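Here's the structure we're looking at; comments come further down.
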Amino acid sequence: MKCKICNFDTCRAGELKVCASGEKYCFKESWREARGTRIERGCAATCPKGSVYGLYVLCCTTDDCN
């Protein structure tokens, strides 16, 4: 149960690790700004959203998405 972490549109990390051990999953989001968006990764159990800014949120589990 591992998860590959990388920045879309600029895969500069591409580092995979472990986290999905039971009640945990990977969370991938994208914060907006005005001259370029920033995709953030990390594995946990909280998948918050956005609106006042316009960030993207996407969680995953099982095979990589773990």
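The way I read the labels, and the way they are meant: chains A, B, ... in the order of the structure tokens, residue 1 as the first residue of every chain, and ligand 1 as the first ligand shown, with later ones counted on from there.
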
Contacts of residue 38 in chain A at 9 Å (only C-alpha atoms; same-chain gap of 3+ positions) as an mmCIF file with N, CA, C and O atoms, in the first residue's frame:
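File result.cif, as written:
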data_model
loop_
_atom_site.group_PDB
_atom_site.id
_atom_site.type_symbol
_atom_site.label_atom_id
_atom_site.label_comp_id
_atom_site.auth_asym_id
_atom_site.auth_seq_id
_atom_site.Cartn_x
_atom_site.Cartn_y
_atom_site.Cartn_z
ATOM 1 N N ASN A 7 4.275 16.558 -8.695
ATOM 2 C CA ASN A 7 3.505 17.780 -9.065
ATOM 3 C C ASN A 7 3.070 17.712 -10.533
ATOM 4 O O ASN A 7 3.886 17.685 -11.432
ATOM 5 N N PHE A 8 1.788 17.688 -10.780
ATOM 6 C CA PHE A 8 1.301 17.626 -12.189
ATOM 7 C C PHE A 8 1.775 18.859 -12.963
ATOM 8 O O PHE A 8 2.006 19.907 -12.394
ATOM 9 N N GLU A 29 -4.265 17.940 -4.188
ATOM 10 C CA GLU A 29 -5.089 19.149 -4.482
ATOM 11 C C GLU A 29 -4.290 20.156 -5.314
ATOM 12 O O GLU A 29 -3.136 19.943 -5.626
ATOM 13 N N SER A 30 -4.901 21.252 -5.671
ATOM 14 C CA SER A 30 -4.185 22.277 -6.482
ATOM 15 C C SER A 30 -4.635 23.680 -6.066
ATOM 16 O O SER A 30 -5.767 24.066 -6.275
ATOM 17 N N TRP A 31 -3.757 24.443 -5.476
ATOM 18 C CA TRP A 31 -4.133 25.819 -5.043
ATOM 19 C C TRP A 31 -4.048 26.790 -6.223
ATOM 20 O O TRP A 31 -3.164 26.699 -7.051
ATOM 21 N N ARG A 32 -4.959 27.721 -6.304
ATOM 22 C CA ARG A 32 -4.926 28.697 -7.431
ATOM 23 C C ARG A 32 -4.322 30.024 -6.963
ATOM 24 O O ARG A 32 -4.228 30.293 -5.782
ATOM 25 N N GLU A 33 -3.909 30.854 -7.881
ATOM 26 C CA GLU A 33 -3.308 32.162 -7.490
ATOM 27 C C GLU A 33 -3.674 33.237 -8.514
ATOM 28 O O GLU A 33 -4.492 34.100 -8.262
ATOM 29 N N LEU A 55 -9.282 26.137 -5.531
ATOM 30 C CA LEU A 55 -8.262 25.051 -5.551
ATOM 31 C C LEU A 55 -8.916 23.720 -5.934
ATOM 32 O O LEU A 55 -10.115 23.555 -5.829
#

So that I can see what lies close to range 12-18 of chain A, please list as a list in words the residues with an atom at most 8 Å from it, counting only C-alpha atoms and leaving out residues fewer than 3 positions away in the same chain.
residues 1, 2, 3, 4, 5, 6, 7, 21 and 66 of chain A

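Among the candidates A:42, A:35, A:28, A:10, the residue lying nearest to residue 57 in chain A is A:28 (atoms considered: only C-alpha atoms).
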
Point out the residue among A:27, A:19, A:53, A:63 with the least atom-to-atom distance to residue 41 in chain A, counting only C-alpha atoms.
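Of A:27, A:19, A:53, A:63, the one nearest residue 41 in chain A, counting only C-alpha atoms, is A:27.
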
What lies within 10 Å of residue 46 in chain A using only C-alpha atoms, ignoring chain neighbours under 2 positions off, as a VMD selection string?
chain A and resid 24 to 27 43 to 44 48 to 49 59

Could you tell me how far CA of residue 9 in chain A sits from CA of residue 50 in chain A, in Å to one decimal place?
20.5 Å

Could you go through chain A and tell me which residues DSSP, when run on the backbone, assigns to strand (DSSP E or B), listing them as a ChimeraX atom specification?
/A:2-5,15-18,25-31,38-40,43-44,56-60

Dump N, CA, C and O atoms for the selected residues as an mmCIF file, in the first residue's frame?
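Output file again.cif follows:
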data_model
loop_
_atom_site.group_PDB
_atom_site.id
_atom_site.type_symbol
_atom_site.label_atom_id
_atom_site.label_comp_id
_atom_site.auth_asym_id
_atom_site.auth_seq_id
_atom_site.Cartn_x
_atom_site.Cartn_y
_atom_site.Cartn_z
ATOM 1 N N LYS A 2 1.303 1.689 -1.155
ATOM 2 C CA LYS A 2 2.162 2.906 -1.224
ATOM 3 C C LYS A 2 1.472 3.996 -2.051
ATOM 4 O O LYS A 2 0.386 3.806 -2.563
ATOM 5 N N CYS A 3 2.094 5.137 -2.187
ATOM 6 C CA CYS A 3 1.471 6.236 -2.980
ATOM 7 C C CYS A 3 2.553 7.085 -3.655
ATOM 8 O O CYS A 3 3.470 7.563 -3.017
ATOM 9 N N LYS A 4 2.451 7.279 -4.942
ATOM 10 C CA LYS A 4 3.471 8.100 -5.656
ATOM 11 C C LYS A 4 3.106 9.585 -5.567
ATOM 12 O O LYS A 4 2.008 9.984 -5.903
ATOM 13 N N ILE A 5 4.014 10.405 -5.114
ATOM 14 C CA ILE A 5 3.713 11.861 -5.001
ATOM 15 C C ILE A 5 4.484 12.648 -6.065
ATOM 16 O O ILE A 5 5.679 12.494 -6.222
ATOM 17 N N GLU A 15 8.088 11.275 -5.851
ATOM 18 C CA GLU A 15 8.555 10.425 -4.720
ATOM 19 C C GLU A 15 7.391 9.607 -4.156
ATOM 20 O O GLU A 15 6.393 10.147 -3.724
ATOM 21 N N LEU A 16 7.512 8.309 -4.157
ATOM 22 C CA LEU A 16 6.411 7.458 -3.621
ATOM 23 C C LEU A 16 6.735 7.015 -2.192
ATOM 24 O O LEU A 16 7.883 6.861 -1.824
ATOM 25 N N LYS A 17 5.731 6.811 -1.385
ATOM 26 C CA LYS A 17 5.977 6.379 0.019
ATOM 27 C C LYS A 17 4.830 5.486 0.497
ATOM 28 O O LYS A 17 4.099 4.925 -0.295
ATOM 29 N N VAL A 18 4.667 5.345 1.782
ATOM 30 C CA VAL A 18 3.570 4.484 2.300
ATOM 31 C C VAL A 18 2.679 5.274 3.261
ATOM 32 O O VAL A 18 3.136 6.145 3.975
ATOM 33 N N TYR A 25 -5.654 7.677 3.387
ATOM 34 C CA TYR A 25 -5.581 7.674 1.898
ATOM 35 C C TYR A 25 -4.695 8.824 1.412
ATOM 36 O O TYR A 25 -4.248 9.645 2.189
ATOM 37 N N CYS A 26 -4.438 8.893 0.134
ATOM 38 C CA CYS A 26 -3.583 9.996 -0.392
ATOM 39 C C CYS A 26 -4.453 11.188 -0.796
ATOM 40 O O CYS A 26 -5.522 11.025 -1.350
ATOM 41 N N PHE A 27 -4.009 12.383 -0.521
ATOM 42 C CA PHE A 27 -4.822 13.577 -0.889
ATOM 43 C C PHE A 27 -4.052 14.471 -1.863
ATOM 44 O O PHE A 27 -2.991 14.976 -1.553
ATOM 45 N N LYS A 28 -4.584 14.675 -3.035
ATOM 46 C CA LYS A 28 -3.895 15.543 -4.030
ATOM 47 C C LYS A 28 -4.777 16.752 -4.356
ATOM 48 O O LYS A 28 -5.918 16.610 -4.748
ATOM 49 N N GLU A 29 -4.265 17.940 -4.188
ATOM 50 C CA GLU A 29 -5.089 19.149 -4.482
ATOM 51 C C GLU A 29 -4.290 20.156 -5.314
ATOM 52 O O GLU A 29 -3.136 19.943 -5.626
ATOM 53 N N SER A 30 -4.901 21.252 -5.671
ATOM 54 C CA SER A 30 -4.185 22.277 -6.482
ATOM 55 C C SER A 30 -4.635 23.680 -6.066
ATOM 56 O O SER A 30 -5.767 24.066 -6.275
ATOM 57 N N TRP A 31 -3.757 24.443 -5.476
ATOM 58 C CA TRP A 31 -4.133 25.819 -5.043
ATOM 59 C C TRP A 31 -4.048 26.790 -6.223
ATOM 60 O O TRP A 31 -3.164 26.699 -7.051
ATOM 61 N N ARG A 38 -0.639 25.723 -8.113
ATOM 62 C CA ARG A 38 0.368 24.829 -7.473
ATOM 63 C C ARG A 38 -0.303 23.548 -6.968
ATOM 64 O O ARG A 38 -1.186 23.586 -6.134
ATOM 65 N N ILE A 39 0.108 22.414 -7.469
ATOM 66 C CA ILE A 39 -0.508 21.133 -7.016
ATOM 67 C C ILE A 39 0.194 20.627 -5.751
ATOM 68 O O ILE A 39 1.403 20.526 -5.699
ATOM 69 N N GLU A 40 -0.558 20.309 -4.735
ATOM 70 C CA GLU A 40 0.062 19.809 -3.474
ATOM 71 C C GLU A 40 -0.322 18.346 -3.241
ATOM 72 O O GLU A 40 -1.393 17.909 -3.612
ATOM 73 N N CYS A 43 -0.284 12.273 2.138
ATOM 74 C CA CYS A 43 -1.240 11.181 2.480
ATOM 75 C C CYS A 43 -1.764 11.364 3.906
ATOM 76 O O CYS A 43 -1.006 11.532 4.839
ATOM 77 N N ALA A 44 -3.057 11.336 4.080
ATOM 78 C CA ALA A 44 -3.628 11.511 5.446
ATOM 79 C C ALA A 44 -5.058 10.967 5.495
ATOM 80 O O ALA A 44 -5.373 9.962 4.890
ATOM 81 N N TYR A 56 -8.138 22.770 -6.377
ATOM 82 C CA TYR A 56 -8.720 21.453 -6.767
ATOM 83 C C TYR A 56 -8.445 20.411 -5.680
ATOM 84 O O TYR A 56 -7.410 20.423 -5.042
ATOM 85 N N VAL A 57 -9.366 19.511 -5.458
ATOM 86 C CA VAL A 57 -9.160 18.476 -4.409
ATOM 87 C C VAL A 57 -9.437 17.079 -4.976
ATOM 88 O O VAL A 57 -10.417 16.859 -5.658
ATOM 89 N N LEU A 58 -8.583 16.133 -4.693
ATOM 90 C CA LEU A 58 -8.800 14.752 -5.209
ATOM 91 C C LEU A 58 -8.111 13.736 -4.294
ATOM 92 O O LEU A 58 -6.902 13.723 -4.163
ATOM 93 N N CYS A 59 -8.870 12.887 -3.658
ATOM 94 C CA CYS A 59 -8.259 11.873 -2.747
ATOM 95 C C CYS A 59 -8.135 10.532 -3.477
ATOM 96 O O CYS A 59 -8.737 10.325 -4.512
ATOM 97 N N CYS A 60 -7.359 9.618 -2.955
ATOM 98 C CA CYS A 60 -7.210 8.300 -3.640
ATOM 99 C C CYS A 60 -6.868 7.195 -2.634
ATOM 100 O O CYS A 60 -6.349 7.450 -1.564
#
